[PDB]
Amino acid sequence: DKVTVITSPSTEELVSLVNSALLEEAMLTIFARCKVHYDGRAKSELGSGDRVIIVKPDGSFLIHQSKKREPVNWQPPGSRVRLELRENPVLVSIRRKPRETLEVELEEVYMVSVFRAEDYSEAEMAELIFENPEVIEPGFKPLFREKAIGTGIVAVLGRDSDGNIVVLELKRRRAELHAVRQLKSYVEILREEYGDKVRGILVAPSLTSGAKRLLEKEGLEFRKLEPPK
Amino acid sequence: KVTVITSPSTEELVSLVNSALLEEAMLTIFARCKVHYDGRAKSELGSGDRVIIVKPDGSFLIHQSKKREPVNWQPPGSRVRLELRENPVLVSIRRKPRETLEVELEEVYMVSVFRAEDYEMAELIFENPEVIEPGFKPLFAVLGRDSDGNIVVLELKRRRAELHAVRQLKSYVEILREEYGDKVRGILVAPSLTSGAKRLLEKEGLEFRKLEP
């Protein structure tokens, strides 16, 4: 029961999902043609128009119009939300301290949705590669690991299926551009010595797309690995 | 107006995203996702359930289950494209300054497409006086007569009524009380009042009626 969705709901349906959401501490999201009234210190009035309404379990109220960025009207966490029936169903958000009120009259509700959403060491990578070389490449033979020459960089030297030297630069975190530059340098050294057979490979959970660009541009490669925890 | 799909295969996802991009419609997707944001400015957030809203103007909004502001967002005047990968990724490109915001969609709960784009009375009282109260006789702000033969004051406002004309109504019914005394009544006519206006209206004894142009 992760997501409930009712498209063009009825009154009893709307009240059902809305109240169930409010009670169950879930995220309520409603796409609607509505009319907006903000009564308070800074007065605001919005007429009929298509809007997205977002009500968080902590009380946060958000009204998003068709454009821009920020909400056209919003209420802070800790505020109070309730659905009261009138000629058309009305979503009332009461912020306290200071006490101000935001009423959203729902003219037509196109969609109502209840979204239940929960809140909230590179060496082990190397040793993992050694334990199972079949992670990186087929018939991959790892040879040795090496670290901390003039830096903190870690590396794995090995041989591939067809015999070429392979360097592996491991990054615990997401792989930046800098990592690709260092890998490139290692590779160009190894190239200078053992010849051009050698190919380097980046090992890291992911990368910035810039890093992928630089990778495909300098002839290097990438391999996906997730650090154990 | 609204097109929704629950637990989509990547075909459905990419289809609906392309539909949002083509038709200039609002794209809303509830998903458990992993959030990467990179550039000269850097932000990284792990797995969790989030709501993803892409507006036709290029605005990108990623909302978590709490607080208020988006957990990550991209300004209006940007570029959003969905690319298939290990898991399908929404990539929002901001240029000048150039930074990029990608969400890896691990589990996609729903995908939705949504359309867009929004952005005197005195005579009406004279004609059909039953508008104010049953058995109402209008005379000549607006002065009138309640069927008990009483002075009835009307102060008319067009849009939502704050407390200004409530003070006005108080003073008007007060001088009308100087002449004609008790049972003389002021009335606030407007499509809507404010809580303050409502309370001041109720305490000082005045009244209210619903009328819209």
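Methodologically, a virtual Cβ is constructed for each residue, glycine included, from the backbone with ideal geometry; neighbour enumeration extends over all protein chains shown. Basis: the model, the stated rules and, where named, an outside source; no laboratory instrument gave them.
In the stretch A:219-229, what residues are among the acidic types (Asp, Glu) and either touching a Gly at 6+ places or on another chain (Cβ under 9 Å) or surrounded by 15 or more Cβ atoms within 10 Å (Cβ to Cβ) (or both)? If you could, list the steps in order and put the result at the bottom.
Keep residues of the stretch A:219-229 that are among the acidic types (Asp, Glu), which gives A:221, A:226.
The one that is among the acidic types (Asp, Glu) and either touching a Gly at 6+ places or on another chain (Cβ under 9 Å) or surrounded by 15 or more Cβ atoms within 10 Å (Cβ to Cβ) (or both): A:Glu221.
Here are some residues: B:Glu130, B:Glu155. Which one is touching a strand residue (DSSP E or B) at 6+ places or on another chain (Cβ under 7 Å), surrounded by fewer than 12 Cβ atoms within 10 Å (Cβ to Cβ) and under 30 Å from A:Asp39 (Cβ atoms)? Steps first, please.
Numbers: B:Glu155 fails: surrounded by fewer than 12 Cβ atoms within 10 Å (Cβ to Cβ).
Just a single option satisfies the conditions, and that option is B:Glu130.
Among strands (runs of 3 or more DSSP E) lying entirely in the stretch B:29-138, which contain 2 or more residues that are aliphatic (A, V, I, L, M), closer than 22 Å to B:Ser9 by Cα and outside the structural domain of B:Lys157 (by CATH)?
B:43-54, B:79-83, B:89-94, B:99-114
Of everything in the stretch B:93-108, what is of a type outside the set (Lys, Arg) and either within 30 Å of B:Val153 (Cα to Cα) or more than 11 Å from chain A (Cβ to nearest Cβ) (or both)? Give them in sequence order.
Passing the criteria: B:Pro97, B:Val103, B:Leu105, B:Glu106.
Return yes when A:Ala211 is within 14 Å of another protein chain (Cβ to nearest Cβ) and either more than 22 Å from A:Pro133 (Cα to Cα) or out of contact with any helix residue (DSSP H, G or I) (no Cβ under 7 Å at 6 or more places or on another chain) (or both) and no when it is not.
Numbers: within 14 Å of another protein chain (Cβ to nearest Cβ): yes; either more than 22 Å from A:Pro133 (Cα to Cα) or out of contact with any helix residue (DSSP H, G or I) (no Cβ under 7 Å at 6 or more places or on another chain) (or both): yes.
Yes, satisfied.
Could you say whether any residue in the stretch B:53-61 is at the interface with chain A (Cβ under 8 Å from one of its Cβ atoms), under 26 Å from the mean Cα position of the chain (by Cα), among the β-branched types (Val, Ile, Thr) and closer than 19 Å to A:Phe115 by Cβ?
Checked against the condition, which is being at the interface with chain A (Cβ under 8 Å from one of its Cβ atoms), under 26 Å from the mean Cα position of the chain (by Cα), among the β-branched types (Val, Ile, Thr) and closer than 19 Å to A:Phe115 by Cβ, the stretch B:53-61 yields at least one hit.
When the residues of the stretch B:109-136 are narrowed to those that are among the β-branched types (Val, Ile, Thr) and within 11 Å of chain A (Cβ to nearest Cβ), which ends up nearest to the chain's Cα centre (by Cα)? Can you show your working first?
Applying the first criterion (among the β-branched types (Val, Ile, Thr)) to the stretch B:109-136 yields B:111, B:113, B:125, B:131-132.
Still in the list and also within 11 Å of chain A (Cβ to nearest Cβ): B:111, B:113.
Numbers: B:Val111: 23, B:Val113: 20 Å.
For the stretch B:109-136, the residue satisfying everything is B:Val113.
The conditions are (1) surrounded by 14 or more Cβ atoms within 10 Å (Cβ to Cβ); (2) not in a helix (DSSP H, G or I), and A:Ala211 fails exactly one of them. Which is it?
(2)
Answer yes or no: is there a residue in the stretch A:163-170 that is in a helix (DSSP H, G or I), of a type in the set (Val, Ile, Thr) and away from chain B (no Cβ under 14 Å).
No, the stretch A:163-170 contains no residue that is in a helix (DSSP H, G or I), of a type in the set (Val, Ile, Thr) and away from chain B (no Cβ under 14 Å).
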